[PDB]
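Novice: Here's a structure for you.
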Amino acid sequence: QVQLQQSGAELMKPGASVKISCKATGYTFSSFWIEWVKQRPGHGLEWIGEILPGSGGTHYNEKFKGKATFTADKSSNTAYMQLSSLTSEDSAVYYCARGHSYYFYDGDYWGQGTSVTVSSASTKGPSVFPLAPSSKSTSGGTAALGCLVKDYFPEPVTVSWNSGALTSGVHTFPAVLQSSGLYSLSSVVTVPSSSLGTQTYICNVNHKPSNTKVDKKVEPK
Amino acid sequence: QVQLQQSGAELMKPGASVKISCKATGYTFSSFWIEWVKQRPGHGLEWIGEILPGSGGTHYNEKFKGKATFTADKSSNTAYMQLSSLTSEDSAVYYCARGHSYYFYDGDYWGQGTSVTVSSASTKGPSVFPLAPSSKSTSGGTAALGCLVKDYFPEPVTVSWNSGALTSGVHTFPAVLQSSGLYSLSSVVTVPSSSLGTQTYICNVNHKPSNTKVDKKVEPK
Amino acid sequence: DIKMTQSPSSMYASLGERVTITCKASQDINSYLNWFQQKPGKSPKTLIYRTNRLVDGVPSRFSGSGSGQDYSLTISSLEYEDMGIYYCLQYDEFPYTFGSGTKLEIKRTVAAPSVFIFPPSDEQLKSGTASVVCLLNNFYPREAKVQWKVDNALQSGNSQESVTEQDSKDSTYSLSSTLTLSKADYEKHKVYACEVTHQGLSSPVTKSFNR
Amino acid sequence: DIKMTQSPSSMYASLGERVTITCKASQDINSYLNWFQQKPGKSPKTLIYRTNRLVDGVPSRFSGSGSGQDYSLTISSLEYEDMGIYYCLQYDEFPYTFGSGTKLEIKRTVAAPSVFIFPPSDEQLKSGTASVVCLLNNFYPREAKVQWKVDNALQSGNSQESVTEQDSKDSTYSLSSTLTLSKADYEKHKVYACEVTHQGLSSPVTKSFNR
């Protein structure tokens with residue numbers, strides 16, 4: 001089967017440039033076009049253009065011509081996209097999809113997406129606090145506990161409970177842009193009040209742009 | 001990291017001249033224009049003109065041509081502005097902003113501003129007295145303490161509480177021109193009456209024009 | 001160039017109902033159209049290419065219909081796994097263009113929210129500020145309301161809410177509202193209330209601590 | 001050259017309201033316009049360049065609209081962080097020019113002031129003069145009043161007031177009035193009153209000590 005491992009999410013400065021990788025797998029790389037679409041926070045999808053690694057030929061979306069520039073390395077079956085002269089408008093999630101071959105178009109296979117933020121800012125790991133299950137027994141039944149991932153930047157942060165183990169009944173809300181300019185988000189879990197004092201859980205917050213890796217502990221009242 | 005450290009605030013005599021520095025950082029200095037805007041006390045903004053350090057070319061605002069004269073040192077990535085033949089009208093806060101390159105522009109990045117006063121008077125550090133939280137418990141609840149920065153000159157003075165630490169609920173009023181000709185201003189803080197006798201705070205008044213640097217203590221009532 | 005229209009923008013159906021979306025072109029895009037599906041937090045996924053051919057790995061209830069400048073995507077029987085945003089794309093001409101996208105949410109029976117309140121954590125306080133979170137878990141519809149009230153003084157511009165997509169387990173929503181204040185201003189006041197009005201609650205439920 | 005007009009000069013809205021400012025040129029400045037925001041005590045900050053492009057780091061509620069010679073800045077939802085002076089600038093021609101600037105304030109609920117009085121400090125007295133400060137903390141509106149009265153003799157031209165901008169924490173104001181006199185004339189009298197009338201106080205509150 002086919003794959004498309006895109007480089008990781010990143011942060012860059014206005015006026016600077018950024019290069020996104022796209023490692024294609026499970027197919028003859030030069031036969032199919034590699035496509036790039038952009039997706040700014042809550043705004044749909046934009047077709048950036050494409051490139052045929054075999055011939056090196058490219059069809060840019062005029063709106064992106066000059067802004068995005070594609071390249072590709074046959075040696076390693078890796079396609080690239082260089083977004084240069086970055087500005088606020090370029091902060092978005094970019095994807096590379098396996099287009100069609102001018103032979104057989106069995107659809108579009110997509111990469112996971114690479115997050116990109118343009119900012120004269122500095123990355124900053126988060127501070128995770130515990131939201132322990134307190135007197136939430138009043139006319140209730142089950143218990144709610146979770147972690148607060150406070151003030152971090154840029155936008156790509158992931159949370160896991162009990163290391164992927166007991167991750168059922170988990171709610172990880174999307175981040176909210178606070179006054180400080182940092183992001184914050186909360187992650188909670190619904191669980192059997194009974195098992196609240198024996199079995200314990202921990203959230204695993206990861207914020208790559210700063211190489212953070214917190215595995216925190218939550219303890220009730 | 002685009003920054004713009006402007007020289008410190010200063011005082012000068014009428015008929016004399018003054019040179020304001022602008023140390024640019026985090027970018028190719030000669031590619032972008034450096035701009036200067038003037039702002040007299042409570043009066044909006046005025047565009048002074050600009051200079052492209054790379055070519056040394058300059059576009060003066062005719063109203064300022066002859067009055068302001070720009071220069072720039074590529075060696076250290078420092079832009080300068082010489083305001084000469086100073087008169088009352090020149091007393092204002094001057095800023096240098098990073099304009100654009102004729103290759104790309106994502107807005108103006110500003111320096112902190114350099115205060116300038118035209119006057120026959122001598123600079124004079126302030127005398128800071130403590131405004132300790134006294135019997136302000138009468139039908140109250142919380143406590144108010146602050147520092148009085150009395151009789152100083154010229155106009156650029158800054159205050160900080162507990163060295164930037166416990167600076168939340170702080171009110172630093174704008175200076176008032178007293179009879180003597182000196183300035184004075186007060187800085188107060190709202191805090192938990194309880195924690196009034198244990199935790200202590202100090203104001204950090206800085207008045208650069210005279211190299212003053214007071215870190216005073218507030219004696220509870 | 002070509003304008004790819006999708007409407008409605010929001011579309012609801014119940015599990016089992018037969019749902020169907022449509023997309024309008026601006027010229028015979030000659031059936032050179034695809035349908036994408038982007039579940040939340042996930043990159044898109046190709047479902048149907050060239051108007052009706054199903055990408056493999058895709059269930060059969062999905063069918064490609066349409067031609068000329070009018071196309072549509074139908075789902076014979078709706079299973080929880082199809083909630084998300086559906087997009088259409090025309091590769092009949094450059095530049096390829098996407099439709100606005102129709103969001104597809106599962107319609108269900110009402111369900112009042114369970115309101116949980118969390119007081120400021122120890123660490124966060126051992127720091128500068130303190131923020132209170134309030135949880136509105138597994139409820140429906142999301143079209144619900146929350147208001148902050150420290151000492152019976154309805155807050156204003158000091159909180160921040162966030163909602164999740166329908167948690168497939170029961171197609172319910174979840175919301176969290178955070179009231180944020182300094183350690184100082186957090187001490188001045190005594191109570192922290194979180195009032196929750198929702199069509200599932202015959203009356204505003206209020207969760208709060210006297211901490 | 002080009003005259004950049006901004007009006008009104010003062011603009012108020014409540015937190016959440018959608019506020020919007022405008023700027024008028026004198027000729028097709030061809031959308032070559034920017035919007036600046038100068039919070040009190042701070043150098044300006046670029047928000048939008050070339051009419052609608054948002055400088056990054058700037059929230060989304062901020063939108064750039066306008067063209068020809070007419071431009072405006074709208075704020076979808078107003079949060080305390082947007083109080084300040086907004087300026088427009090045209091870089092369509094030399095010399096670049098700024099608008100007069102629209103101040104932006106927040107409307108909220110009334111709130112009476114907490115009046116604190118501070119007697120002359122030890123050091124200041126161990127010196128020549130002695131000055132009494134009176135604090136009117138976190139109140140609204142600022143359109144409030146203070147009068148000095150040593151021994152029931154309303155002062156005149158011997159005090160000095162100063163106000164702060166809205167302390168974002170609650171959009172309230174704060175005022176301090178200083179009564180200044182020598183160590184000598186400070187000893188002649190016995191009491192020092194600070195009367196505070198404000199629409200939030202059902203009656204003039206008076207804070208004062210004896211010395």
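Letters A, B, ... mark the chains of the structure tokens in the order given; residue numbers begin at 1 per chain; ligand numbers begin at 1, in order shown.
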Given a cut-off of 9 Å, which residues of chain D touch chain C, counting only C-alpha atoms, written out as a PyMOL selection string?
Specialist: chain D and resi 15-16+78-80+169-170
Novice: Please produce a file of those selected residues containing N, CA and C atoms, as a PDB file, in the first residue's frame.
Specialist:
ATOM      1  N   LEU D  15     -17.639  44.926  25.400  1.00  0.00           N
ATOM      2  CA  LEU D  15     -16.926  43.679  25.080  1.00  0.00           C
ATOM      3  C   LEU D  15     -17.847  42.667  24.410  1.00  0.00           C
ATOM      4  N   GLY D  16     -17.620  42.401  23.133  1.00  0.00           N
ATOM      5  CA  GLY D  16     -18.470  41.465  22.435  1.00  0.00           C
ATOM      6  C   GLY D  16     -19.092  42.179  21.257  1.00  0.00           C
ATOM      7  N   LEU D  78     -15.315  42.321  20.447  1.00  0.00           N
ATOM      8  CA  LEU D  78     -14.368  43.122  21.175  1.00  0.00           C
ATOM      9  C   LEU D  78     -13.913  42.557  22.516  1.00  0.00           C
ATOM     10  N   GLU D  79     -12.617  42.270  22.664  1.00  0.00           N
ATOM     11  CA  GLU D  79     -12.082  41.793  23.947  1.00  0.00           C
ATOM     12  C   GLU D  79     -11.219  42.945  24.503  1.00  0.00           C
ATOM     13  N   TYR D  80     -11.214  43.083  25.820  1.00  0.00           N
ATOM     14  CA  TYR D  80     -10.477  44.119  26.533  1.00  0.00           C
ATOM     15  C   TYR D  80      -9.130  44.520  25.932  1.00  0.00           C
ATOM     16  N   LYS D 169      -7.855  44.292  33.053  1.00  0.00           N
ATOM     17  CA  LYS D 169      -8.348  43.286  33.995  1.00  0.00           C
ATOM     18  C   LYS D 169      -9.861  43.417  34.231  1.00  0.00           C
ATOM     19  N   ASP D 170     -10.392  44.636  34.121  1.00  0.00           N
ATOM     20  CA  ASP D 170     -11.820  44.866  34.339  1.00  0.00           C
ATOM     21  C   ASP D 170     -12.336  46.109  33.622  1.00  0.00           C
TER      22      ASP D 170
END
Novice: Kindly determine which residues of chain C lie within 10 Å of chain B, considering only C-alpha atoms, and give the answer as a PyMOL selection string.
Specialist: chain C and resi 128-129+182-185+187-188
Novice: I need the chosen residues saved as an mmCIF file, in the first residue's frame, with N, CA, C and O atoms.
Specialist:
data_model
loop_
_atom_site.group_PDB
_atom_site.id
_atom_site.type_symbol
_atom_site.label_atom_id
_atom_site.label_comp_id
_atom_site.auth_asym_id
_atom_site.auth_seq_id
_atom_site.Cartn_x
_atom_site.Cartn_y
_atom_site.Cartn_z
ATOM 1 N N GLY C 128 1.747 32.433 38.425
ATOM 2 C CA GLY C 128 1.074 33.721 38.444
ATOM 3 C C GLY C 128 -0.452 33.759 38.528
ATOM 4 O O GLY C 128 -1.012 34.323 39.479
ATOM 5 N N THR C 129 -1.120 33.159 37.542
ATOM 6 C CA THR C 129 -2.577 33.157 37.474
ATOM 7 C C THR C 129 -3.299 31.934 38.056
ATOM 8 O O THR C 129 -2.714 31.103 38.753
ATOM 9 N N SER C 182 -5.935 36.355 37.540
ATOM 10 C CA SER C 182 -4.664 36.262 38.270
ATOM 11 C C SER C 182 -4.846 35.576 39.617
ATOM 12 O O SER C 182 -5.971 35.322 40.038
ATOM 13 N N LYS C 183 -3.742 35.273 40.296
ATOM 14 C CA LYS C 183 -3.837 34.627 41.603
ATOM 15 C C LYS C 183 -4.436 35.623 42.585
ATOM 16 O O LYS C 183 -5.161 35.258 43.512
ATOM 17 N N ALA C 184 -4.110 36.891 42.355
ATOM 18 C CA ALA C 184 -4.567 37.987 43.186
ATOM 19 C C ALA C 184 -6.071 38.205 43.072
ATOM 20 O O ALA C 184 -6.800 38.092 44.065
ATOM 21 N N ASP C 185 -6.535 38.519 41.865
ATOM 22 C CA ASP C 185 -7.957 38.761 41.641
ATOM 23 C C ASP C 185 -8.786 37.511 41.888
ATOM 24 O O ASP C 185 -10.002 37.585 42.034
ATOM 25 N N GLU C 187 -8.221 35.614 44.482
ATOM 26 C CA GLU C 187 -8.337 35.570 45.942
ATOM 27 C C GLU C 187 -9.361 36.559 46.502
ATOM 28 O O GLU C 187 -9.998 36.280 47.515
ATOM 29 N N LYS C 188 -9.505 37.705 45.842
ATOM 30 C CA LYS C 188 -10.449 38.742 46.249
ATOM 31 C C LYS C 188 -11.861 38.173 46.368
ATOM 32 O O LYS C 188 -12.576 38.400 47.363
#
Novice: Apply DSSP to the backbone of this structure and, from stretch 4-166 of chain C, keep only the residues in strand (DSSP E or B); write these as a ChimeraX atom specification.
Specialist: /C:5-7,10-13,15,17,19-24,33-38,46-49,53-54,62-67,70-75,84-90,97-98,102-106,111,114-118,129-140,145-149,154,159-163
Novice: Give me the residues near residue D:85 as a ChimeraX atom specification, where near means some atom within 9 Å (using only C-alpha atoms) and where sequence neighbours in that chain fewer than 4 positions away do not count.
Specialist: /B:44 /D:10,36-40,44,101-105
Novice: Could you write out that same residue set with N, CA and C atoms as an mmCIF file, in the first residue's frame?
Specialist:
data_model
loop_
_atom_site.group_PDB
_atom_site.id
_atom_site.type_symbol
_atom_site.label_atom_id
_atom_site.label_comp_id
_atom_site.auth_asym_id
_atom_site.auth_seq_id
_atom_site.Cartn_x
_atom_site.Cartn_y
_atom_site.Cartn_z
ATOM 1 N N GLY B 44 -0.896 62.272 18.155
ATOM 2 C CA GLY B 44 -0.913 61.406 16.987
ATOM 3 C C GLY B 44 0.455 61.044 16.454
ATOM 4 N N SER D 10 -13.283 59.547 18.908
ATOM 5 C CA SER D 10 -13.495 58.705 20.071
ATOM 6 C C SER D 10 -14.517 57.671 19.638
ATOM 7 N N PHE D 36 -2.615 50.816 12.446
ATOM 8 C CA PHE D 36 -1.749 50.704 13.587
ATOM 9 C C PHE D 36 -2.572 50.736 14.834
ATOM 10 N N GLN D 37 -2.015 50.178 15.896
ATOM 11 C CA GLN D 37 -2.697 50.191 17.165
ATOM 12 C C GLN D 37 -1.709 50.554 18.241
ATOM 13 N N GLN D 38 -1.944 51.667 18.904
ATOM 14 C CA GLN D 38 -1.049 52.043 19.967
ATOM 15 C C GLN D 38 -1.722 51.969 21.331
ATOM 16 N N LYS D 39 -1.433 50.910 22.081
ATOM 17 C CA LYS D 39 -2.019 50.800 23.406
ATOM 18 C C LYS D 39 -1.309 51.874 24.219
ATOM 19 N N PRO D 40 -1.905 52.314 25.324
ATOM 20 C CA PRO D 40 -1.232 53.346 26.114
ATOM 21 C C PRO D 40 0.203 52.956 26.481
ATOM 22 N N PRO D 44 3.592 52.102 18.764
ATOM 23 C CA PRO D 44 2.556 51.482 17.932
ATOM 24 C C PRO D 44 2.837 49.999 17.628
ATOM 25 N N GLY D 101 -6.322 59.513 14.051
ATOM 26 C CA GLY D 101 -6.367 58.456 15.049
ATOM 27 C C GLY D 101 -7.659 58.380 15.846
ATOM 28 N N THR D 102 -8.269 57.201 15.843
ATOM 29 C CA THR D 102 -9.517 56.979 16.562
ATOM 30 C C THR D 102 -9.208 56.242 17.857
ATOM 31 N N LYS D 103 -9.572 56.822 18.996
ATOM 32 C CA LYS D 103 -9.333 56.160 20.271
ATOM 33 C C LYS D 103 -10.447 55.128 20.388
ATOM 34 N N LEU D 104 -10.165 54.001 21.032
ATOM 35 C CA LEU D 104 -11.177 52.966 21.175
ATOM 36 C C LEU D 104 -11.325 52.538 22.625
ATOM 37 N N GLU D 105 -12.472 52.869 23.199
ATOM 38 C CA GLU D 105 -12.763 52.545 24.580
ATOM 39 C C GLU D 105 -13.887 51.518 24.695
#
Novice: Taking only C-alpha atoms into account, what are the residues of chain B at most 9 Å from chain A, put as a PyMOL selection string?
Specialist: chain B and resi 1-2+104-106
Novice: Can those selected residues be exported to a file as a compact mmCIF listing (two decimals), in the first residue's frame so that it contains N, CA and C atoms?
Specialist:
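Generated output (again.txt):
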# COMPACT_ATOMS: atom_id res chain seq x y z
N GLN B 1 14.76 36.97 14.32
CA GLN B 1 14.29 37.83 15.45
C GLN B 1 14.43 39.31 15.14
N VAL B 2 13.38 39.91 14.57
CA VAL B 2 13.42 41.33 14.24
C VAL B 2 13.22 42.17 15.50
N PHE B 104 9.77 42.68 -0.65
CA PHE B 104 8.70 42.09 0.16
C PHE B 104 8.41 42.93 1.41
N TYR B 105 7.14 42.94 1.82
CA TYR B 105 6.71 43.73 2.97
C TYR B 105 5.56 43.09 3.77
N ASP B 106 5.79 42.79 5.05
CA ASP B 106 4.70 42.23 5.84
C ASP B 106 4.36 43.13 7.02
Novice: Could you list, as a list in words, every residue within 9 Å of residue D:134, counting only C-alpha atoms and ignoring same-chain residues fewer than 5 positions away?
Specialist: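 Answer for this query is residues 115, 116, 117, 118, 119, 175, 176, 177, 178, 179, 194, 207 and 208 of chain D.
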Novice: Atoms to include: N, CA, C and O atoms. Write the selected residues as a compact mmCIF listing (two decimals), in the first residue's frame.
Specialist:
# COMPACT_ATOMS: atom_id res chain seq x y z
N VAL D 115 -11.84 54.48 47.85
CA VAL D 115 -10.97 55.61 48.16
C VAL D 115 -9.94 55.38 49.27
O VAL D 115 -10.29 55.20 50.42
N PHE D 116 -8.66 55.42 48.89
CA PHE D 116 -7.55 55.24 49.83
C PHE D 116 -6.81 56.56 50.02
O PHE D 116 -6.65 57.32 49.08
N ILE D 117 -6.36 56.82 51.24
CA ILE D 117 -5.61 58.04 51.53
C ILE D 117 -4.26 57.64 52.14
O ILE D 117 -4.19 56.74 52.97
N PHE D 118 -3.19 58.31 51.71
CA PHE D 118 -1.84 58.04 52.20
C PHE D 118 -1.26 59.31 52.82
O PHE D 118 -1.14 60.33 52.14
N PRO D 119 -0.88 59.27 54.11
CA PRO D 119 -0.32 60.46 54.76
C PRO D 119 1.14 60.65 54.32
O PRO D 119 1.77 59.70 53.86
N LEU D 175 -7.63 56.79 39.48
CA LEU D 175 -7.21 58.17 39.58
C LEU D 175 -6.49 58.41 40.87
O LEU D 175 -6.80 57.80 41.89
N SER D 176 -5.52 59.31 40.83
CA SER D 176 -4.79 59.64 42.02
C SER D 176 -4.69 61.15 42.04
O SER D 176 -4.36 61.78 41.02
N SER D 177 -5.00 61.74 43.19
CA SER D 177 -4.92 63.19 43.37
C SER D 177 -3.91 63.47 44.48
O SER D 177 -3.98 62.89 45.56
N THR D 178 -2.95 64.34 44.19
CA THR D 178 -1.93 64.68 45.16
C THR D 178 -2.04 66.10 45.66
O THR D 178 -2.04 67.05 44.88
N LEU D 179 -2.14 66.23 46.98
CA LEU D 179 -2.20 67.52 47.64
C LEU D 179 -0.79 67.73 48.14
O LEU D 179 -0.29 66.91 48.91
N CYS D 194 -10.29 63.97 51.60
CA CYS D 194 -10.32 63.72 50.17
C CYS D 194 -11.75 63.29 49.87
O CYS D 194 -12.10 62.13 50.10
N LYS D 207 -12.48 60.25 52.50
CA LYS D 207 -11.42 59.50 53.15
C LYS D 207 -10.46 60.55 53.69
O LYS D 207 -10.15 61.52 52.99
N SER D 208 -10.01 60.38 54.93
CA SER D 208 -9.10 61.35 55.53
C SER D 208 -8.53 60.92 56.88
O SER D 208 -9.10 60.08 57.58
Novice: RMSD over all C-alpha atoms, chain A superposed on chain B in order?
Specialist: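 The fitted C-alpha deviation between chain B and chain A is 0.8 Å.
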Novice: Could you pull the residues within 9 Å of residue A:47, counting only C-alpha atoms, minus those fewer than 3 positions along the same chain, as a list in words?
Specialist: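 Near neighbours after the sequence-gap exclusion: residues 35, 36, 37, 38, 50 and 61 of chain A; 95, 96, 97 and 98 of chain C.
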Novice: Could you dump the residues just selected with N, CA and C atoms as an mmCIF file, in the first residue's frame?
Specialist:
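Output below, filename result.cif:
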data_model
loop_
_atom_site.group_PDB
_atom_site.id
_atom_site.type_symbol
_atom_site.label_atom_id
_atom_site.label_comp_id
_atom_site.auth_asym_id
_atom_site.auth_seq_id
_atom_site.Cartn_x
_atom_site.Cartn_y
_atom_site.Cartn_z
ATOM 1 N N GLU A 35 0.429 16.429 -5.531
ATOM 2 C CA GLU A 35 -0.299 17.682 -5.384
ATOM 3 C C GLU A 35 -0.249 18.266 -3.994
ATOM 4 N N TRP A 36 -0.400 19.581 -3.921
ATOM 5 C CA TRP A 36 -0.367 20.256 -2.643
ATOM 6 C C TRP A 36 -1.568 21.123 -2.461
ATOM 7 N N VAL A 37 -2.248 20.965 -1.335
ATOM 8 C CA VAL A 37 -3.400 21.806 -1.065
ATOM 9 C C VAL A 37 -3.144 22.523 0.258
ATOM 10 N N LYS A 38 -3.667 23.731 0.380
ATOM 11 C CA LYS A 38 -3.499 24.504 1.588
ATOM 12 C C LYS A 38 -4.844 24.552 2.298
ATOM 13 N N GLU A 50 0.738 21.287 -8.828
ATOM 14 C CA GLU A 50 1.283 19.932 -8.805
ATOM 15 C C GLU A 50 2.583 19.796 -9.555
ATOM 16 N N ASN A 61 -0.777 26.916 -9.357
ATOM 17 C CA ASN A 61 -2.050 27.633 -9.316
ATOM 18 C C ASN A 61 -1.514 29.067 -9.310
ATOM 19 N N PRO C 95 -7.089 26.235 -12.792
ATOM 20 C CA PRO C 95 -6.549 25.432 -11.695
ATOM 21 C C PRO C 95 -7.662 24.564 -11.153
ATOM 22 N N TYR C 96 -7.305 23.412 -10.605
ATOM 23 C CA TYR C 96 -8.311 22.535 -10.034
ATOM 24 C C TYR C 96 -8.953 23.326 -8.895
ATOM 25 N N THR C 97 -10.257 23.165 -8.706
ATOM 26 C CA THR C 97 -10.941 23.908 -7.664
ATOM 27 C C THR C 97 -11.842 23.053 -6.768
ATOM 28 N N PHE C 98 -11.940 23.457 -5.502
ATOM 29 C CA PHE C 98 -12.747 22.768 -4.488
ATOM 30 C C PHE C 98 -14.087 23.467 -4.211
#
Novice: Report the distance between atom CA of residue C:191 and atom CA of residue C:130 in Å, rounded to one decimal place.
Specialist: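 Going from atom CA of residue C:191 over to atom CA of residue C:130, I get 13.7 Å.
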Novice: Between atom CA of residue C:149 and atom CA of residue B:170, what distance in Å does the model show, to one decimal?
Specialist: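 Computing the Euclidean distance for atom CA of residue C:149 and atom CA of residue B:170 yields 24.0 Å.
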Novice: Tell me which protein, DNA and RNA residues are within 12 Å of residue D:20, counting only C-alpha atoms, leaving out same-chain ones fewer than 6 positions away, and put them as a list in words.
Specialist: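 So, after excluding close chain neighbours, the residues are residues 6, 7, 8, 10, 11, 12, 13, 61, 62, 63, 64, 65, 66, 71, 72, 73, 74, 75, 76, 77, 78, 82, 86, 102, 103 and 104 of chain D.
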Novice: Quick one: residues within 10 Å of residue B:67, only C-alpha atoms, excluding same-chain residues fewer than 6 positions away - as number ranges by chain?
Specialist: B: 17, 48, 60-61, 81-86, 90
Novice: Mind writing the picked residues with N, CA and C atoms as an mmCIF file, in the first residue's frame?
Specialist:
data_model
loop_
_atom_site.group_PDB
_atom_site.id
_atom_site.type_symbol
_atom_site.label_atom_id
_atom_site.label_comp_id
_atom_site.auth_asym_id
_atom_site.auth_seq_id
_atom_site.Cartn_x
_atom_site.Cartn_y
_atom_site.Cartn_z
ATOM 1 N N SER B 17 21.835 69.929 18.863
ATOM 2 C CA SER B 17 21.355 68.841 18.033
ATOM 3 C C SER B 17 21.308 67.585 18.879
ATOM 4 N N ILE B 48 8.363 60.987 9.462
ATOM 5 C CA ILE B 48 9.570 61.788 9.229
ATOM 6 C C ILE B 48 10.319 61.560 7.906
ATOM 7 N N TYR B 60 13.163 62.068 2.544
ATOM 8 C CA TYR B 60 12.747 62.906 3.663
ATOM 9 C C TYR B 60 11.368 63.483 3.453
ATOM 10 N N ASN B 61 10.644 63.680 4.544
ATOM 11 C CA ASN B 61 9.335 64.311 4.489
ATOM 12 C C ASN B 61 9.759 65.791 4.449
ATOM 13 N N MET B 81 19.548 59.007 13.347
ATOM 14 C CA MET B 81 18.704 60.127 12.928
ATOM 15 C C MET B 81 19.193 61.314 13.752
ATOM 16 N N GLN B 82 19.622 62.367 13.071
ATOM 17 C CA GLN B 82 20.138 63.538 13.755
ATOM 18 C C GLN B 82 19.177 64.700 13.657
ATOM 19 N N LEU B 83 18.510 65.007 14.765
ATOM 20 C CA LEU B 83 17.577 66.132 14.833
ATOM 21 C C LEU B 83 18.385 67.332 15.299
ATOM 22 N N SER B 84 18.589 68.286 14.394
ATOM 23 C CA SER B 84 19.397 69.471 14.678
ATOM 24 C C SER B 84 18.664 70.812 14.761
ATOM 25 N N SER B 85 19.289 71.759 15.460
ATOM 26 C CA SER B 85 18.726 73.087 15.672
ATOM 27 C C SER B 85 17.451 72.937 16.485
ATOM 28 N N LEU B 86 17.521 72.089 17.503
ATOM 29 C CA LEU B 86 16.384 71.788 18.363
ATOM 30 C C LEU B 86 15.632 73.004 18.881
ATOM 31 N N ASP B 90 10.381 70.270 18.696
ATOM 32 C CA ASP B 90 11.017 68.963 18.549
ATOM 33 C C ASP B 90 10.881 68.034 19.744
#
Novice: Calculate how many Å separate atom CA of residue D:114 from atom CA of residue D:136, rounding to one decimal.
Specialist: 5.6 Å
